[PDB]
């Protein structure tokens, strides 16, 4: 059995992966991306972000995003559409604009309406608002927060829901798995959106970790339940477990136990619907270009061969390997 077959057998909707357009000329890569025994879901890594979809005010370009959407439909894989509102990968007409609350609110609603309407009925989920919090649970500064204030959040959710009523709408963030101040602030964002009368369906827990910093399965379950108690679904959205290079048999074994605890916590939680890894092979991992000296974060190595973590994920979904 593959990862998605194992997930569906334990009542998850999917096991899936991110990818990106430049990777699709690598035929051995795409042959395994197309393996629906392992992958039942796809996330576009870059080509549905604001800089990729609205490069000048009022001009939309969907060619690259459409390539990823058509591959998912071609395979019968779910699509998580990613992402509408984020501090990172904005075009300079947004970051450098002369704005008022009124003019940036209109331009934000226009962006969301055009992009969500283009993909209407194709998106199982949208990551509507991404990374709105500092490490201490205060709001992250960005042009939306300094010009519109915290209202930018329910405005984005209400604009996405009017353009595609069938998409589940997620708030997505990292380091929520530790609970404490940041998780409490992500619960408060869920309550902000409900208080405003706007639709929110989900919280995405990105599940970025350094090897050996993942807590017990029962700890993870308690944090996931703190969100499902609000009446939202949860999912792990950008999972990777990074190693300070070079790897050893010890750190590859700890990486396997770490991925095993994360997927078991999702199996055990009612309302946790699925698991996405941030690409599937060390060959194309974002980690080395972001976390200096770290790498080998994924369940397949740079030769596209399975690592110990592949069997750890199967063990966390109750398969003997």
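Positions refer to the first chain, counted from 1.
For the pair 289-297 and 59-67, the mean Cα B-factor is higher in 59-67. Note on 170-178 vs 190-198: mean CA B-factor is higher in 190-198. Remark: of 139, 78, 236, 209, 78 shows the highest value [criterion: C-alpha B-factor in the PDB entry].
Based on the entry's C-alpha B-factors, the most elevated value among 72, 244, 94, 102 belongs to 72.
Among the modelled residues of its chain, residue 215 has a C-alpha B-factor that falls in the lowest third, as given in the PDB entry. Among all modelled residues in its chain, residue 53 ranks in the middle third by Cα B-factor. Placement of the Cα temperature factor of residue 164 within the chain: highest third of the modelled residues, per the deposited record. Split the chain's modelled residues into thirds by C-alpha temperature factor. Residue 280 is in the middle one. Ranked within its chain, residue 154 lands in the middle third, by CA B factor from the PDB record.
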